[PDB]
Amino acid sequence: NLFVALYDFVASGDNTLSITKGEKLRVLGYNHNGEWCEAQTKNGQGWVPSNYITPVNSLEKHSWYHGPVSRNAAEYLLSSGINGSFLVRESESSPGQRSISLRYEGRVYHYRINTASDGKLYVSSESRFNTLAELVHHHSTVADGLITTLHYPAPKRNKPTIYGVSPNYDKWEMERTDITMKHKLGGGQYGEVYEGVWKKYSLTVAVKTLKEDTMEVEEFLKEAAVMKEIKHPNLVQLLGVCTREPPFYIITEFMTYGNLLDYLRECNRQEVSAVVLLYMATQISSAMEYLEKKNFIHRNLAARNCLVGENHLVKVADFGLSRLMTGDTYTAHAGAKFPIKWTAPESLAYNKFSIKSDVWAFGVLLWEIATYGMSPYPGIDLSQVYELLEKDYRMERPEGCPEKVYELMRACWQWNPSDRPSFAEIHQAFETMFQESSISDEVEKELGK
């Protein structure tokens, strides 16, 4: 029953324990939701995140084994590699089905790993092995059917998200004196949000403070309440709150690269190619699929409200969320002012919002991504937007945008909200979109034309 650490973890919450990647551990038990476990190492005993470690008898211990990663995600991971960079992944839908993804001369080759009647694994029928590791080791020395050898495991660059800072049940409150406030973020577009350092861990964070005469208190507290319940890799994560006395604080993880809109407008388009844009759009759809299933609506989905972290990780800002049984409608009080270009027709006309109006906004966000941040509805005056949309006018396909991506945009922009796809359908559509050629290849066909 031994485990090995897959990522480094530094102790700071006094009941937590520091571990080093590759070190062995004995697990004693789990916390209330299984997300943390009490472990013993040669250095001590304490709580560590459960997914930062794995059984010594598990495939995850191998640097090249990335588990449940999709074909498209694999192409993103390997976009930063070289000839011979590779990884082994498993199908999320159908467990047990694995494939090798390998980079060679700027292209990624995908190979299904076959299993014989006696359980042996192989890519080439002439070379079968008892275990996955033996198969990889064999192809690490001779290509034997593959375009080239498997030489460089794709790095696992991102530590798994930890939903909070403690293994204990509800321990959100923290000491304001342990927070050093720094400069405001976003030039004020997000309100009173500042970069800060959480001394106790010398950890950089984002802090929203309830200064007098700004946000209404009930609103601020509801936001804090909602955020305690949100747990998804692509939604900004809450780390703590200071609600014992003013100024109230909401403290979250810090996204280092700012918002997606600015990132796309200022990026190196060589580095941030179509496979990277697809990777980011997919992450956003995953976050929205979660809100959809958890009965929340966003109402402000746009690239300026998506934040970018390391290795193109993208998280949707989750301030302002509203609780709404998925299928019901939320009505805004007349007079509410909305960002017209991202607002669905039923919202513009009747102030009605639902997860379907978020689907419409996602379509506009997808167009912003595909254009590297262009302002929507170019060549059109806002006063005529609703009228034009009613006549079935929709933005034109962005230069180089693959046809299937634009069709998804058009599905999101169906006039009747019930005709639009769900976020579950949208996420699944991205994952199955380029199965017989890469997005890179499709962009080519679109341009060459």
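When you see a residue number, it is the position in the sequence shown, counting from 1.
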Taking the deposited Cα B-factors and averaging over 182-190 and over 355-363, the higher mean is found in 182-190
Stretch with higher mean Cα temperature factor, 399-407 vs 378-386, is 378-386
Just the C-alpha B-factor column, please: which of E212, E75, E368, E346 has the biggest number?
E212
Can you tell me which of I100, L260, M174, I250 has the maximum CA B-factor listed in the PDB entry?
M174
Chain-wide C-alpha B factor ranking for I230, given as lowest, middle or highest third:
middle
Quick check for you: using the entry's CA B-factors within this chain, is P153 in the lowest, middle or highest third?
lowest
Grab the CA temperature factor for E292 from the record and place it in the lowest, middle or highest third of its chain.
middle
Ranked against its chain, the third holding the CA B-factor of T243
highest
Quick one: classify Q40 as lowest, middle or highest third of the chain based on its Cα B-factor.
middle
